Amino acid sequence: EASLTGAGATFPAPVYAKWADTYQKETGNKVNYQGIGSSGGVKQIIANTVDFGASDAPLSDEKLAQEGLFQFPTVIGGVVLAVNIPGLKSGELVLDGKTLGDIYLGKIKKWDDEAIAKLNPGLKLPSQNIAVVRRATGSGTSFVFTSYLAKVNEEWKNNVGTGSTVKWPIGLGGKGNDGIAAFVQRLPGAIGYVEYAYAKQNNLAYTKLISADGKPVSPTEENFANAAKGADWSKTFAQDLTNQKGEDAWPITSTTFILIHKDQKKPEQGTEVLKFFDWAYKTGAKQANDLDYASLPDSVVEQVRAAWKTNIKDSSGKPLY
């Protein structure tokens, strides 16, 4: 029986927590996961204060080598826009990239604006003020969201850019994916970006979006998976899943990563960390789908196992997988 600690991204916390609970019920091993945001996860693993870190933003090959870290992907999720709009039911409103960016730039202030009406011919939109919400500190969800905005709105790209943190043009700060969810729920007229599970599990309304190919698409497990169908995983785990071509490709999709040290000074802990994740790939797919996270293809989990044998070892150089 092992006692393990992980910390980082809130984007996948719902599935890591469920995996952890089930794993304990079946093997007795205990995994404690702290959802503190991707930046804190990177800082904590580098500081050796946790057995494993978690970040939705991938570290470059050079940064990994500099810190003696190894990175591997777990699941595929999707970022959606949770909204609190009077009269409209969930999934009713459609936004495109350009207009979404204009809302986040503060150019569009009301829900019945001409640009939103044009995208929604049949809807009776309210004259409600839009209340924009965003993340309070360094966030992996913010990284994928701003990575998307920079591709579809040039003004955003040139003045604000992409990052785990950016100089937000407008918007109240919410802490964690759960904080943005709670803000949307209490604020009539609100719009906030969150990983899908955070909107669905809290019964929040969300919008549809226009794919890179120009078609309206709904956010679903299958549609997040579709956005990764063209990913050449064999080249690198650090795949960009925003604004991808293809039928029913959710435009704001992303995978997420686990970081661990290659030279394990507590080899028993590392050995157990790998067993937890392997068990998850082997048996946890139903738990991931129940939460609407798409599973990585078997080919990718095989890449991860092969890489574990080659990179994770004790101080004498013995492989831990």
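For every residue, the number given is its place in the sequence shown, counted from 1.
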property: Per the entry, higher mean C-alpha B factor between 119 to 127 and 144 to 152; result: 119 to 127
property: 102 to 110 versus 235 to 243 - which carries the larger mean C-alpha B factor in the record; result: 102 to 110
property: Which of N84, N223, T162, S211 ranks first by CA B-factor in the deposited coordinates; result: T162
property: Residue, from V94, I76, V194, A182, that the PDB entry assigns the highest Cα B-factor; result: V94
property: Modelled-residue ranking by C-alpha temperature factor, third containing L291; result: middle
property: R186 by Cα B-factor - lowest, middle or highest third of the modelled chain; result: highest
property: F70 by Cα B-factor - lowest, middle or highest third of the modelled chain; result: middle
property: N158 - which third its CA temperature factor falls in, relative to the rest of the chain; result: highest
property: Position of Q34 among the chain's modelled residues by C-alpha B-factor, lowest, middle or highest third; result: highest
